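Student: Structure below; questions to follow.
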Amino acid sequence: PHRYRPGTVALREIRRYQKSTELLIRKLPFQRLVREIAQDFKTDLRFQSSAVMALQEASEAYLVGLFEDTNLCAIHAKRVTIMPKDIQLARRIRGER
Amino acid sequence: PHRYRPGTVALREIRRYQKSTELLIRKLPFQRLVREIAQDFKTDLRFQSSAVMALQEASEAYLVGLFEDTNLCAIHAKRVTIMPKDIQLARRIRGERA
Amino acid sequence: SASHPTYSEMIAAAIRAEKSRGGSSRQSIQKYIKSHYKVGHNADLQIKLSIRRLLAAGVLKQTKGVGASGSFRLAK
Amino acid sequence: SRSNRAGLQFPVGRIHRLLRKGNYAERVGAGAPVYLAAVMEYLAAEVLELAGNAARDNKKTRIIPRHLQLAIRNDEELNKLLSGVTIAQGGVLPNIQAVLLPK
Amino acid sequence: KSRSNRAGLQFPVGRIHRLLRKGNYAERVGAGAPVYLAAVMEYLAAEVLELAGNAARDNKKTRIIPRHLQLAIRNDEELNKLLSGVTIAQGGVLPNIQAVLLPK
Amino acid sequence: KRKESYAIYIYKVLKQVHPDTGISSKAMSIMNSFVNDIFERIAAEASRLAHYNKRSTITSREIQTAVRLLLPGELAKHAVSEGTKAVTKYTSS
Amino acid sequence: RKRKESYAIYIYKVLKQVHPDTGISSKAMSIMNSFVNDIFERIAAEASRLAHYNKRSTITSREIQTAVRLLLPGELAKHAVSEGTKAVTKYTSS
Amino acid sequence: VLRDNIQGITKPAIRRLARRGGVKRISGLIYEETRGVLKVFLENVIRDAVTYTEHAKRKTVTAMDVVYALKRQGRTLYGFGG
Amino acid sequence: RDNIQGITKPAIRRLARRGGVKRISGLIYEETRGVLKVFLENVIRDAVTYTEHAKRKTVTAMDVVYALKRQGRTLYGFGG
DNA sequence: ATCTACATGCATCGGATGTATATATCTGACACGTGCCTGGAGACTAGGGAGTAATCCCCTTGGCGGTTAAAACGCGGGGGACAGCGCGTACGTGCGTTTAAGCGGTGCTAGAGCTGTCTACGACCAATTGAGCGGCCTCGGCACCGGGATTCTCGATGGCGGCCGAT
DNA sequence: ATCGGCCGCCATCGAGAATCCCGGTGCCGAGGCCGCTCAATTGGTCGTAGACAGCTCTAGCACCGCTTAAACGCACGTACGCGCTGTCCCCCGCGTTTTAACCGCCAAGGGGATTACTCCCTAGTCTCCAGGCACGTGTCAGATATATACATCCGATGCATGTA
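Structure representation (structure tokens):
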């Protein structure tokens, strides 16, 4: 009957996944997502293997940088949890909108 | 006496200066600042009248955009006053300072 | 025109009800004010203002806090 | 002239000279300066129309830079393109957050 | 004999001369320009490789991996400002946790 | 001493949309600065487009792809229509 | 297949210059190669606009030095200019 | 006729990415917000890459197409060429 | 260090009002002066390099526009 | 104690503010006309980049069976999100005095800029050979695994000081 | 109350889960090697970009002197900053069940990639000339001004409340 407090396994995951460079998103669903959306602009599209790998690296990097900026927004609100308010704020200051 | 409370005139000032495009910084002291800073990189610099004005136009635009972004940070914190914490956060997310 | 006892006696009965060594917090008093007595919208206002008075005269005793923000306990 | 032939006001010939002398490529196509003139004329017309609406809305017969700033930021399409450019003597769009206004 | 040896650079000055003429940058290319660029590229390349090399030896792994490259650039203020617009593939993130999150 | 500008051509397009609208000197300079940026943006991208596909000529086809990348969807759609329309009329007579 | 130019050999020599006993992975070598290609296109474009701003029909060594001072941070630009001007002197020497 | 493959991004996957970002706690509504942001980003990026691909008269999207598209977006990518 | 103090309190107050803030903290006025000196220093750093490249002792408006163009913030209306 | 009479909160009305609206008029910048000139259009020739068909072949898409790591689901509850008291004081507002900025003078001249001259430089080019890259193959650095060694996390447990209500 | 009594707050110890550090070992891929080849290099030739001297004459620097308007030191104080704390349910931990990513191998052909061949497209050159710019000269749209019209804002008065 062993139970960890609330706020420790998350932190160990932080250190764990920050030390590792492996892709955190599953490969196959991301490819299918790319196919569906790409099917909007063109039909019967061929995609290089190296092309799909490039999309996943760029996406996770963009999201991680965003997650740091979102984390700062939540902390600036004297909050330990990130919320959609922080996301909408971070994107607005970035200029993406 | 007719003494108004605090922030209403400020709000009237908000509308006044948002409606106006005139430069809010005094011209001559900013120019001397331009002279002073430019003297670091080069000595005995000449400045066109339009050159100093370009620096002044660009500066006020950069600072104003930051203050809007800074205002959002203060408001996101449930605060009606802006503080250096909001400015440092906004600049870090912008990418100017790491 | 709802009938209810004194606001100096209503906060006194709510400190007696729940025996906590740290004390009975003001916000818990309200729940006892509007569940054991019939009060209106103005209850929370006067409950706070009732704490303003009998806190300085010696009727109430501060334990961990400031004003009506922290806790208190009825002086013996 | 070629400007009348393409049905454009912008000078295709001037655009052709700058493309040959601008070190963009070894040779410049015949239809490229025509295409560019059309593109330049269209975007200028879009900017000019929203700014034109901005001049009559201010009850002024002559367009000033204030009208230029208002047109781009109020247009979703125009704001995205020019997001990296600051307009001189443009001011800011009059926006006040709802949290500052009293009850 | 070759111009790379004459300039004292490993990076090909001859290749840079060819690339400057064919890149549509100008009508004519100076004689000293491709030499200057080769020197600059080698210097900047050397800085990244040494900081990444120290990052490789700090991890007890001679071979440099993209993880070592990212650590070198982001920890250097000058390099981070230069590469602020560049994302390094398989670089991961610097292990950073704000102190407000840790319990006490 | 002689120095060329777009001032005359910008004023003509202004009179096409709104006849009853002048233009201050400052705003005309703004329009001129705006025009120079658009040229340089698309042409550089078109130059890189010609350089990416190993083509030695910048064609009308290179201008269309560059426009679709820079401008938002709606503005890009309309701008391509006017461009392609004007090119057909130029090659006509 | 057709022979495709690269910067792999020159990057490898410099690697042995800084660290003789240290290697590099293929992916990281690709990162270094992409970095080098980016620097080339960047400095040359800024240099091209510099010749066009000053109405010059030739890109000289003087335009490259100014472009470096604009792009690179203060410390790296000072040092990079030293190495650049030094290599040009040695090239005109032989 | 959308088969939405955007739901293929799982909750613990979004949880891991935020852990790499350095956040201790995540709101429940973040998971849907992220899928929207990710869909918009990819939509914009894929739009530009495919335009490069259509310009090259290929029916196949190369990795070089993504690199050029990202460079225009402002995010330059190292390691896949360029 | 002498004329950097030339940016007055009411000047900074007006710019923040245009930004839309109702109340301003006291420590903000100095923080902005530091950032502005740094900002101007970078822009002037780039502008002076442009001026030195043309071997002129006078800084043209074209120097500021190009400097701003290199920093990423482009300015319209001055010889754009 | 009861009667009178103060402190408190949220609408209604008041002058009194700065704002706005208007007609009239001062003005200088926008609008309009002309000679000047070199830049755009038209003619013409050359040639090389590119469209196109044919062929090659690398690699993208499509498939399936198993393992098992990842995900989804669920419940419990810890501690973080959040409004209020409130104490505190830094702001804003509004005066009078203070500073020097903006305006309007021309003088002086450093220094931008157009110009003519033609020399130093790099485009252009043909023959040349090695730098450098496509293919191939070894083997050692590194990813991986089992284990103990070690840091760190947190309920369990005894000790102790402040303060109720009970015996 | 003096109290045993008893809820609050405290610190070292003790699982016990996790990261770390060790060697051991298996394997993909870096690093050295080789032959094909296409591109760097060199020698030779002219045209012109450009280095650079001298002239034109604009524009930036300068002190001069007043005119207010912006800047300044101050007093008074009010709305808000912001820690403390209370209270409520959001979201971590994580066990159990469920789902499908991942592997690995590989079957098939779409289509990127290259080569080779035919020719339209575009720079260059030359002549011609008009669109466009420098410049002298105009007046109406609009900056400015003082007055009228009026939009907010906050003091001011009040039924409304139980108050001590």
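Protein chains in written order, with the authors' numbering: chain E, 38 to 134; chain A, 38 to 135; chain U, 22 to 97; chain G, 16 to 118; chain C, 15 to 118; chain H, 29 to 121; chain D, 28 to 121; chain F, 21 to 102; chain B, 23 to 102. Here a beta-carbon is modelled for each residue, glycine too, at the ideal position from N, C-alpha and C.
If you compare alpha carbons, which of A:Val46, A:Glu59, A:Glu105 and A:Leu70 is closest to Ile130 of chain E?
Tutor: Taking the first sequence and counting its residues from 1, one reaches residue 130 of chain E at position 93. Nearest C-alpha to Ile130 of chain E: A:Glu105.
Student: Counting C-beta neighbours from all protein chains within 10 Å, is the total for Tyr88 of chain B 16 or more, i.e. buried, or is it exposed?
Tutor: What you label residue 88 of chain B is simply residue 66 of the ninth sequence in a count that begins at 1. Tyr88 of chain B is buried by the Cβ-count criterion.
Student: At a CB-CB cut-off below 7 Å, which residues of chain B make contact with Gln112 of chain G?
Tutor: Here residue 112 of chain G corresponds to residue number 97 of the fourth sequence, with the count starting at 1. What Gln112 of chain G touches in chain B: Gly42.
Student: What is the DSSP secondary structure of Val43 of chain C, counted as helix, strand or coil?
Tutor: In the fifth sequence, residue 43 of chain C corresponds to position 29, counting from 1. In the structure shown, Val43 of chain C sits in a strand (DSSP, three-state: E or B).
Student: For chain C, is any of its Cβ atoms less than 8 Å away from the one on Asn38 of chain G?
Tutor: Working through the fourth sequence from its first residue, we reach residue 38 of chain G at position 23. Yes, because at least one Cβ of chain C sits closer than 8 Å to the Cβ of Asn38 of chain G.
Student: Please report how far the alpha carbon of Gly42 of chain F lies from the alpha carbon of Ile34 of chain F, in whole angstroms.
Tutor: By 1-based counting over the eighth sequence, the position of residue 42 of chain F is 22. By 1-based counting over the eighth sequence, the position of residue 34 of chain F is 14. Their Cα atoms are separated by approximately 13 Å.
Student: What in chain G is Cβ-close to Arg95 of chain B, meaning under 9 Å?
Tutor: On the ninth sequence, residue 95 of chain B is found 73 positions in, with the first residue counted as 1. Within chain G, the residues near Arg95 of chain B are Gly99, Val100 and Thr101.
Student: Which ranges does the alpha helix (DSSP H) cover as unbroken runs of at least 4 residues, wholly within the stretch 89–132 of chain A, from first to last along the chain?
Tutor: Here the runs fully enclosed are 121–131.
Student: With 8 Å set as the bound, which would you pick, yes or no: does the beta-carbon of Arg92 of chain F sit closer than that to a beta-carbon of chain E?
Tutor: Here the question's residue 92 of chain F lines up with position 72 in the eighth sequence. It does not: the Cβ of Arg92 of chain F has no partner Cβ on chain E nearer than 8 Å.
Student: Are the C-beta of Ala69 of chain C and some C-beta of chain D separated by less than 8 Å?
Tutor: As a working note, residue 69 of chain C is residue 55 in the fifth sequence. Chain D, which has no Cβ nearer than 8 Å to the Cβ of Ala69 of chain C, makes this no.
Student: Cα separation between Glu74 of chain B and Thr93 of chain H?
Tutor: Stepping through the ninth sequence from its first residue, residue 74 of chain B is reached at position 52. Stepping through the sixth sequence from its first residue, residue 93 of chain H is reached at position 65. Cα-Cα distance, rounded: 38 Å.
Student: Does the Cβ of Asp68 of chain B have 16 or more other Cβ atoms within 10 Å, making it buried, or fewer, making it exposed?
Tutor: Position 46 of the ninth sequence, counting from 1, holds the residue named residue 68 of chain B. With 16 or more other Cβ atoms within 10 Å, it is buried.
Student: Measuring only between beta-carbons, confirm whether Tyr88 of chain B sits less than 8 Å from chain H.
Tutor: As a first step, residue 88 of chain B is located in the ninth sequence; it is residue number 66 there, counting from the start. No, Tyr88 of chain B does not count as interfacial toward chain H.
Student: Cβ atoms of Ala107 of chain D and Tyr57 of chain C: under 8 Å apart, would you say?
Tutor: Here residue 57 of chain C refers to the residue found at position 43 of the fifth sequence. Here residue 107 of chain D refers to the residue found at position 80 of the seventh sequence. For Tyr57 of chain C and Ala107 of chain D, yes; Cβs fall inside 8 Å.
Student: Assess contact between the stretch 95–102 of chain C and the stretch 67–82 of chain D, defined as three or more Cβ pairs (one per stretch) separated by less than 8 Å. Is contact present?
Tutor: No, because fewer than three Cβ pairs between the stretch 95–102 of chain C and the stretch 67–82 of chain D fall closer than 8 Å, the two stretches do not touch.
Student: Can you name the residues of chain E whose CB is closer than 8 Å to the CB of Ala114 of chain A?
Tutor: The residue you call residue 114 of chain A lines up with position 77 of the second sequence. Near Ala114 of chain A (Cβ distances below 8 Å), the residues of chain E are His113, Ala114 and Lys115.
Student: Based on the DSSP output, what are the partners of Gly102 of chain F in its beta bridges?
Tutor: Along the eighth sequence, one-based indexing puts residue 102 of chain F at 82. Bridge partners of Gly102 of chain F: none, in fact.
Student: For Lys85 of chain U and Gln67 of chain U, what's the separation of their Cα atoms in angstroms?
Tutor: Here residue 85 of chain U refers to the residue found at position 64 when the third sequence is read from its first residue. Here residue 67 of chain U refers to the residue found at position 46 when the third sequence is read from its first residue. Straight-line Cα distance between these residues: approximately 22 Å.
Student: For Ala103 of chain G, which residues of its own chain have a beta-carbon under 8 Å away from its beta-carbon, when the five flanking residues on both sides are left out?
Tutor: For this step, residue 103 of chain G is matched to residue 88 along the fourth sequence. Answer for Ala103 of chain G: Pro80, listed in chain order.
Student: Nearest by alpha-carbon distance to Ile70 of chain D: which of D:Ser84, D:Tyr34 and D:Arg89 is it?
Tutor: In the seventh sequence, counting from the first residue as 1, residue 70 of chain D sits at position 43. Comparing Cα-Cα distances from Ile70 of chain D to each of D:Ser84, D:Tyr34 and D:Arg89, the minimum goes to D:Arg89.
Student: Note the first and the last residue of the continuous beta strand (DSSP E) segment covering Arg35 of chain C.
Tutor: Start at 1 with the first residue of the fifth sequence, and residue 35 of chain C comes out as number 21. Not the beta strand (DSSP E): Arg35 of chain C falls in the alpha helix (DSSP H), residues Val27 to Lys36.
Student: Between which two residues does the beta strand (DSSP E) holding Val100 of chain G run?
Tutor: As a working note, residue 100 of chain G is residue 85 in the fourth sequence. Element bounds for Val100 of chain G: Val100 to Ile102.
Student: Whether or not the stretch 85–101 of chain E and the stretch 50–63 of chain H are in contact is what I'm after, with contact meaning three or more pairs of Cβ atoms, one per stretch, closer than 8 Å; do they touch?
Tutor: They do not touch, by the three-pair rule.
Student: In terms of alpha-carbon separation, which member of G:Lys74, G:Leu115, G:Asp90 and G:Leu63 lies closest to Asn108 of chain A?
Tutor: By 1-based counting over the second sequence, the position of residue 108 of chain A is 71. Of the listed residues, the one whose Cα sits closest to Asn108 of chain A is G:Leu115.
Student: Along the chain, where does the alpha helix (DSSP H) that runs through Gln92 of chain H open and close?
Tutor: Your numbering for residue 92 of chain H matches position 64 in the sixth sequence. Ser88 to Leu98 is the span of the alpha helix (DSSP H), which, as asked, contains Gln92 of chain H.
Student: With distances taken from CA atoms, which of C:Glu92, C:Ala47 and C:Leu65 is nearest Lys113 of chain D?
Tutor: Locating residue 113 of chain D in the seventh sequence gives position 86, counting from the first residue. Ranking C:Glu92, C:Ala47 and C:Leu65 by Cα distance to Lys113 of chain D puts C:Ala47 first.
Student: Does the beta-carbon of residue 109 of chain F have 16 or more other beta-carbons within 10 angstroms, so that it is buried, or is it exposed?
Tutor: Examination of residue 109 of chain F is not possible in this model, given that chain F is present from 21 through 102 alone.
Student: Go ahead and pull the three-state DSSP assignment for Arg67 of chain B.
Tutor: As a first step, residue 67 of chain B is located in the ninth sequence; it is residue number 45 there, counting from the start. In the structure shown, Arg67 of chain B sits in a helix (DSSP, three-state: H, G or I).
Student: Is the separation between the beta-carbon of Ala83 of chain F and that of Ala47 of chain E shorter than 8 Å?
Tutor: The count along the eighth sequence starts at 1 and reaches residue 83 of chain F at position 63. The count along the first sequence starts at 1 and reaches residue 47 of chain E at position 10. Cβ distance not < 8 Å, so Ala83 of chain F and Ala47 of chain E don't count as in contact.
Student: At the 8 Å Cβ level, is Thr71 of chain F part of the contact set with chain H, yes or no?
Tutor: Here residue 71 of chain F refers to the residue found at position 51 of the eighth sequence. Closer than 8 Å: yes.
Student: Out of G:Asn94, G:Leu23, G:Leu34 and G:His82, point me to the one whose CA is closest to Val54 of chain G's CA.
Tutor: Numbered from its first residue, the fourth sequence carries residue 54 of chain G at position 39. Of G:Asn94, G:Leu23, G:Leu34 and G:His82, the residue nearest in Cα terms is G:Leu23.
Student: By how many angstroms is the C-alpha of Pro100 of chain H removed from the C-alpha of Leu90 of chain F?
Tutor: Taking the first residue of the eighth sequence as position 1, residue 90 of chain F is located at position 70. Taking the first residue of the sixth sequence as position 1, residue 100 of chain H is located at position 72. Roughly 16 Å separates the two Cα atoms.
Student: When you compare only the Cα positions, how much space is there between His31 of chain G and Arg30 of chain H?
Tutor: On the fourth sequence, position 16 is the one that residue 31 of chain G refers to. On the sixth sequence, position 2 is the one that residue 30 of chain H refers to. For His31 of chain G and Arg30 of chain H, the distance between alpha carbons rounds to 20 Å.
Student: Mind the definition here: the stretch 33–48 of chain H touches the stretch 61–68 of chain G only if three or more C-beta pairs lie below 8 Å; say whether that holds.
Tutor: Enough Cβ pairs lie closer than 8 Å, so yes.
Student: Compile a chain-ordered list of the residues in the stretch 117–131 of chain A whose CB is closer than 8 Å to at least one CB of chain E.
Tutor: Here the close residues are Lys122, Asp123, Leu126, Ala127, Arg129, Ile130 and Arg131.
Student: Consult DSSP for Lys64 of chain A and reduce its assignment to one of helix, strand or coil.
Tutor: The sequence position of residue 64 of chain A within the second sequence is 27, counting from 1. In this structure, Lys64 of chain A counts as helix in the three-state DSSP scheme.
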